[PDB]
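Starting off, we have a lone chain in the form deposited in one PDB entry, written out as structure tokens.
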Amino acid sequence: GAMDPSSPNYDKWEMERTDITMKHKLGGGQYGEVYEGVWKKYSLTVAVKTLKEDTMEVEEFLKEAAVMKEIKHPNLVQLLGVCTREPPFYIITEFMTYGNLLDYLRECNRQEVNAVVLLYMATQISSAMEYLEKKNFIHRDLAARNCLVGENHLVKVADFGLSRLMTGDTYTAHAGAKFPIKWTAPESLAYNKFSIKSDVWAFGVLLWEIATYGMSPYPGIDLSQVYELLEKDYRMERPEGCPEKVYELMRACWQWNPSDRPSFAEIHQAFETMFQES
């Protein structure tokens, strides 16, 4: 019985499929076939991600779970289990009540989610990233649409399908697939080179999304002209009401040369300080 500890095929992350109830579907977006559910064993609400026929290879789908088994942080969406073996595989995690950060910012009560709270959301995320950096992991998909919101303005980084444990300071992707131009660092766009610093650059973009309450980066700018603009030293302007110190932090994140970009440890301490000033 693989499900038994005595078994040689035992896996602590494998959970009894009949231990979960599939309620309302949450999909509608791009995360995939995401469902809301309940882990009866504890009547604990949970999020469930499913896999289909063609859609994606099983080795590709489980990649995200493999990554999530090695990271643990209050600001990183936590893995609760997986359902392999039979058809439709599942990936179960804690459930974030308010959905993705991007839509949250666009639908929120701006009087409640104010300057301090926005500041509190940036600090939490930089916290999760300081942990990933410290363990030499890269996320490669940092964006407001990939963060999740819980009660009390709790924010957690999600979507680890492209995350990787690095052996060095860099990771070179292959040449196939593409990457979100407006969130991707120059060296990643030009040479497909990723690193913690490329995550730092994306964090800067995420800050701008937060400061604008969900505006799309480089509004109105054609995607084919983004890179060359960035090469001519163009950078998004300071959002209305955005503190200059916070904006100066965005600019440091967008330094053309990776080594000129701050570390996530410096970024988090910088935000922790500003936030404590409350």
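So that there is no doubt, residue numbering starts at 1 and follows the sequence shown. Rigid core: the largest C-alpha set superposing within 1.5 Å between the two forms.
There is another form of the same protein, the form deposited with a partner chain bound; it is not shown, and what comes next is about it.
For the chain shown alone, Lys134 is not a contact residue for its partner chain in the bound PDB entry, no non-hydrogen atom being within 4.5 angstroms. The shortest heavy atom separation between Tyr234 and its partner chain in the bound PDB entry exceeds 4.5 Å. Within 4.5 Å of any heavy atom of its partner chain in the bound PDB entry lies no heavy atom of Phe160. Mapping the unseen interface onto this chain, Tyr90 falls outside it, with no heavy atom inside 4.5 Å of its partner chain in the bound PDB entry. For the listed set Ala211, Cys253, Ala65, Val246, the sole C-alpha moving 2 Å or more between the shown form and the other one on a rigid core superposition is that of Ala65.
With the core held fixed, the Cα of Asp222 is displaced between the shown form and the other one by less than 2 Å. Comparing the forms between the shown form and the other one, the C-alpha position of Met166 differs by 2 angstroms or more, with the core used for superposition.
A movement of the C-alpha atom of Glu86 reaching 2 angstroms or beyond is seen between the shown form and the other one when the two forms are aligned on their rigid core. Closer approach of the C-alpha atoms of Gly161 and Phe137, by 3 angstroms or more, is seen in the bound PDB entry than in the present form. In contrast to the form presented, in the bound PDB entry the C-alpha positions of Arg164 and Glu266 spread farther apart by 3 Å or more.
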